[PDB]
Amino acid sequence: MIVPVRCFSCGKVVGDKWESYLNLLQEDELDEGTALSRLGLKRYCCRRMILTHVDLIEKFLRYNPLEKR
Amino acid sequence: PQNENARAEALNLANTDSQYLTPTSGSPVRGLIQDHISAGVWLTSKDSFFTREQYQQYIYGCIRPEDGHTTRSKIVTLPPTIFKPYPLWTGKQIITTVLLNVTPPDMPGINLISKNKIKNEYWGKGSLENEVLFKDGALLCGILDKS
Amino acid sequence: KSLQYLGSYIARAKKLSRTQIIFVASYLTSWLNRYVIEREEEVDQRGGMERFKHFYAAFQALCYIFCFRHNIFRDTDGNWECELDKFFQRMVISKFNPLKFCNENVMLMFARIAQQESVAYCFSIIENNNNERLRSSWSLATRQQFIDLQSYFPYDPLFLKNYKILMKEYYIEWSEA
Amino acid sequence: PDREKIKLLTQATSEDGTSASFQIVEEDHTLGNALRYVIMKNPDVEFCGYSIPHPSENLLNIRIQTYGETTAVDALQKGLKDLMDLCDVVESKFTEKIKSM
Amino acid sequence: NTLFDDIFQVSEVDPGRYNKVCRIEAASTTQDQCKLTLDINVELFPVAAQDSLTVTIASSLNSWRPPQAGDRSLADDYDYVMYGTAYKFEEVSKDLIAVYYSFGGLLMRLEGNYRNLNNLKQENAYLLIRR
Amino acid sequence: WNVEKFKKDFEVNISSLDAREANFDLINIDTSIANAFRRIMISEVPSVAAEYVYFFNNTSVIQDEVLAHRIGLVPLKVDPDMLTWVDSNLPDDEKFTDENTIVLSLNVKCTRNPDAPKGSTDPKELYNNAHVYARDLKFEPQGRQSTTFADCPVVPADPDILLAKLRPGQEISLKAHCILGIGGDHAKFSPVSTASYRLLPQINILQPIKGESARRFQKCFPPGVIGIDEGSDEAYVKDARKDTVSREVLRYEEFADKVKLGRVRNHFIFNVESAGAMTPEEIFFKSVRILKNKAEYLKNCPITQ
Ligand SMILES: [Zn+2]
Numbered sequence: 001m002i003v004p005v006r007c008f009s010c011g012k013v014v015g016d017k018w019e020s021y022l023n024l025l026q027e028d029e030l031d032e033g034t035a036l037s038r039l040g041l042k043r044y045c046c047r048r049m050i051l052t053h054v055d056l057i058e059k060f061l062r063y064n065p066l067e068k069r
Numbered sequence: 638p639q640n641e642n643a644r645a646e647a648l649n650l651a652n653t654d655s656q657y658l659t660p661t662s663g664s665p666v667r668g669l670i671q672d673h674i675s676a677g678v679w680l681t682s683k684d685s686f687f688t689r690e691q692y693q694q695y696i697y698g699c700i701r702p703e704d705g706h707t708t709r710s711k712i713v714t715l716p717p718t719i720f721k722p723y724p725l726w727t728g729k730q731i732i733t734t735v736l737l738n739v740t741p742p743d744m745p746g747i748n749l750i751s752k753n754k755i756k757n758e759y760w761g762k763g764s765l766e767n768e769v770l771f772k773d774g775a776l777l778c779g780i781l782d783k784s
Numbered sequence: 419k420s421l422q423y424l425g426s427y428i429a430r431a432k433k434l435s436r437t438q439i440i441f442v443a444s445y446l447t448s449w450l451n452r453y454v455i456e457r458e459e460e461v462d463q464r465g466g467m468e469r470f471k472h473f474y475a476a477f478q479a480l481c482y483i484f485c486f487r488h489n490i491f492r493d494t495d496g497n498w499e500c501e502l503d504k505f506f507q508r509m510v511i512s513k514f515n516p517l518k519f520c521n522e523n524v525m526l527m528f529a530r531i532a533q534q535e536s537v538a539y540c541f542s543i544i545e546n547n548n549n550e551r552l553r575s576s577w578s579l580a581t582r583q584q585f586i587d588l589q590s591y592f593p594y595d596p597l598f599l600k601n602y603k604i605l606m607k608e609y610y611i612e613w614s615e616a
Numbered sequence: 042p043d044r045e046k047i048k049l050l051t052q053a054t055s056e057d058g059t060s061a062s063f064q065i066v067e068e069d070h071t072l073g074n075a076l077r078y079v080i081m082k083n084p085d086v087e088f089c090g091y092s093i094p095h096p097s098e099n100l101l102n103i104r105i106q107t108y109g110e111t112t113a114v115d116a117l118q119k120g121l122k123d124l125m126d127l128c129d130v131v132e133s134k135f136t137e138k139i140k141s142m
Numbered sequence: 003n004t005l006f007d008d009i010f011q012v013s014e015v016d017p018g019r020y021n022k023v024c025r026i027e028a029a030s031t032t033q034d035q036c037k038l039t040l041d042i043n044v045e046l047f048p049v050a051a052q053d054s055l056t057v058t059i060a061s062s063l064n078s079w080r081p082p083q084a085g086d087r088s089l090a091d092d093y094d095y096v097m098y099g100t101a102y103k104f105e106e107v108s109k110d111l112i113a114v115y116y117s118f119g120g121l122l123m124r125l126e127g128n129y130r131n132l133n134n135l136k137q138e139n140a141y142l143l144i145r146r
Numbered sequence: 031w032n033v034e035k036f037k038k039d040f041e042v043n044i045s046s047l048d049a050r051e052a053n054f055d056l057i058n059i060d061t062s063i064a065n066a067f068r069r070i071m072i073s074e075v076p077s078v079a080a081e082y083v084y085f086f087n088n089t090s091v092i093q094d095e096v097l098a099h100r101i102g103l104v105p106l107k108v109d110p111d112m113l114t115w116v117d118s119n120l121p122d123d124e125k126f127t128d129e130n131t132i133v134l135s136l137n138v139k140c141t142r143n144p145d146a147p148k149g150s151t152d153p154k155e156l157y158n159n160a161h162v163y164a165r166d167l168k169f170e171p172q173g174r175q176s177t178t179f180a181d182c183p184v185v186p187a188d189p190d191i192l193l194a195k196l197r198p199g200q201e202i203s204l205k206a207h208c209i210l211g212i213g214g215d216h217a218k219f220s221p222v223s224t225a226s227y228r229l230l231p232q233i234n235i236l237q238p239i240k241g242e243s244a245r246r247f248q249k250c251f252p253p254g255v256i257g258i259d260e261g262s263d264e265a266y267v268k269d270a271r272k273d274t275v276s277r278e279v280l281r282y283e284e285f286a287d288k289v290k291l292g293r294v295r296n297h298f299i300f301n302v303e304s305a306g307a308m309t310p311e312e313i314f315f316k317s318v319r320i321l322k323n324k325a326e327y328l329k330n331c332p333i334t335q
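Protein chains in written order, with the deposited numbering: chain J, 1 to 69; chain A, 638 to 784; chain O, 419 to 553, 575 to 616; chain K, 42 to 142; chain H, 3 to 64, 78 to 146; chain C, 31 to 335.
Now the structure itself:
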């Protein structure tokens, strides 16, 4: 749903890396493997976490029962 | 079961242990499968050698002498196959050692001439590894198999 | 259990006569002397020290009895009834090694008192015993019930207000002995 | 003390004590393998191995047999001591290299 | 005591499908009728064709335990030593005989004249090889 | 063997040390012991992490237990030596003390932003406090801690960890108790973003290889591993330490005959990354110490029959 905090296998913090990773692909126009490297994700353990994350939460958030649409 | 008559029956009549042979044709129903067959072909291969340290460790890891099979209250081992330049035991010796520690001591070792599923050609010229030979409880030739 | 009862009773029951007590001592040392004479040979043989529960049980009772009533076992001369001086030592140094297997608190108190009375010297045997311990074997599955059974004394003091008062005429508190 | 940690398995320990089996609670391969490595360096040890009955009971079984100069319990102690000393050597060496680095 | 020795010359060294063991075929240099087949841990004792190996079978060396301070035995005189069992004897012809040894699975077949192999019995034996 | 013989032969090489990761070799040590350190570093070196989370309110889209879980994964920059262990046999009142426990609070409400640049997608300008970060965990000192931790406030090691997201009207309100624990119990306590080793490469060539073979052979290993010498024109090994052991050589038929691939066999190349609380070297030291105490604690326990 939202970025996981740690990599499942490494233990390495990964949750601070989602918003920047998107900005790398978007703004700096890098490919995925270059951007992952720039964020320090070396082990394929860790590259997998950010490479394949689906920010499904951003869908959930569009249904907010506490505001007049 | 809730009373000693039923206990006695479940431990002596319907218990797993007897039921090695089926009553249909009188053949085995219990055996090892998959990993254990593949493992056996490898462990009992002529290419298989073990140092004193490894040999003793394989033995103790599988014997569980702290059981009802106090056939001795001391684990027995064989002398190594290769004495010099370096003490080495073969895989076939691990098997002989196993049987030696779990069969009755007041009773001669098993004698079997059998065959396995792998043709001699697969090992190379002059091989006899298809022939399974147990003499006095020792595996002297052949690998162990699904058969 | 009886042996615990027996020892607790002799110790506590105020209305007992010197001779009824000596009677129980005379039974115990007698029965004990025989045990050691007929059985010590079985210790270095096959089995454990549990084979001798009953020995320790009786030796406990007798030791316990000596704690509460040692002042009685000195006859007019100043000699010991039942040769307690010579007798205790013999058991203490035997192969059964009572000191190791009986209740710890009694064996300790017996040591203290026996040593004080020039009756026996156990304290080095105790030292040796709990040294060998840090570094004569008994399962402990069943070794505990015994330690349990040897800890219970059915006539240790009462805690019921009235009954206690009523018993006083019939009771020897430790402070009294 | 703590009496529940290590116990003798009296049904596989000989009269002369030159052979014995111990069951240690709360220990796996970590200590077991390291301890048998050390023990087997003792020249009076004729046999030694460890095993783990089951991955689900925290138990470690060590077997020691000696050639008769020391008891099995002795070998266990020398092994344990040897192991401690061995760690010291490592700690000290590592320290020096960090300093010198 | 010693039961058999001879200098053999190796014909073939076949690694089969293994990579620590090789099957050796070799003929005696002293008897025209004496030949040999032997599995060898060639990682511990490499052998090439045309090598000449001295091969000894002995009943004892003058139970096993790691070498100690100043142990001396027949093994000292050789490079490679194995312990094993004789498990089969056979008549090959009116004159010649073959004995079969197993060393924990590594197999030896020694064929020779029935007088040349007289001392070999169906017992255990040590095998000693030196280059 | 002998402990002195070991001392003379054992050796350490420190390739790179840093505040987060260490790369170093242990040379001439037995695999059983290298493995011990490795296991211990991952699973038995204590750390501080959130264990109990007390919610007073959470009307976000993320469920309590899940939120609690992530907070537990946040690596707290706390020296575990500054804390004593909790005794889990006491009631809750007695259980948590100023030597036992660290308290974190979290208190966010999301409101709508009036001054949003009309036609905006960014939730920073659309909403106030839409995004909740680990840095938003406030450290609330208890008792003596106002003093003890005055020189080192409790801060997550990775401030920018995304913890939750909200929309107008939703609030989160929680206190967390953070205590000592070990990785073997739960991985949130593991102090590593991983400690592991590899055995050192040994590439030994079984006969000279030169000319066009040398160039070919050289390309089966990463850049810099295999060198081609000028003069003999033959290939040689520059540094095995850069090799990844892909076994690529063994594919090409011409070479599979002429190379054995091995290790300098005990020789262990360790790589230790810290989750952020302690330095690598501290974590490795602590493990070498932990192993020694196991041996020491055991030597001093009486063997019960
Ligand atoms: Zn990862």
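Using N, Cα and C, we set each Cβ at its ideal position, and we do this for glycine too.
Sub-8 Å separation of residue i and residue j beta-carbons
| i | j | result |
| --- | --- | --- |
| C/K195 | C/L103 | no |
| C/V78 | C/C182 | no |
| C/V108 | C/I132 | yes |
| C/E170 | C/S135 | yes |
Collapsed DSSP secondary structure at residue i in the structure displayed
| i | result |
| --- | --- |
| K/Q106 | strand |
| O/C500 | helix |
| C/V42 | strand |
| C/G257 | strand |
| residue 789 of chain A | A question about residue 789 of chain A goes unanswered here, because the residues of chain A that appear run from 638 up to 784. |
| C/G211 | strand |
| C/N143 | coil |
| C/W31 | coil |
| K/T59 | coil |
| C/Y84 | strand |
Check: residue i C-beta below 7 Å from any heavy atom of ligand 1
| i | result |
| --- | --- |
| J/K59 | no |
| J/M49 | yes |
| J/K17 | no |
| J/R43 | yes |
| C/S304 | no |
| J/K12 | yes |
| J/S9 | yes |
| A/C778 | no |
Rounded separation between residue i and residue j - CA only
| i | j | result |
| --- | --- | --- |
| C/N330 | K/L72 | 15 Å |
| A/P741 | A/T708 | 6 Å |
| K/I139 | C/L230 | 21 Å |
| H/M123 | H/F10 | 14 Å |
| A/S764 | C/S62 | 38 Å |
| A/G774 | A/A676 | 21 Å |
| K/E98 | C/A265 | 54 Å |
| A/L770 | K/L50 | 37 Å |
| J/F60 | C/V91 | 8 Å |
| residue 336 of chain C | C/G211 | The structure shown does not extend to residue 336 of chain C, since chain C spans only 31 to 335, so no value can be given for it. |
Integer-rounded CB distance, given that residue j should sit under 8 Å from residue i
| i | j | result |
| --- | --- | --- |
| C/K288 | C/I233 | In fact, because the Cβ distance is near 11 Å, the residues do not count as touching under 8 Å. |
| C/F67 | C/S317 | 5 Å |
| K/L101 | K/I65 | 4 Å |
| C/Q335 | O/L579 | 7 Å |
| O/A429 | O/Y482 | 6 Å |
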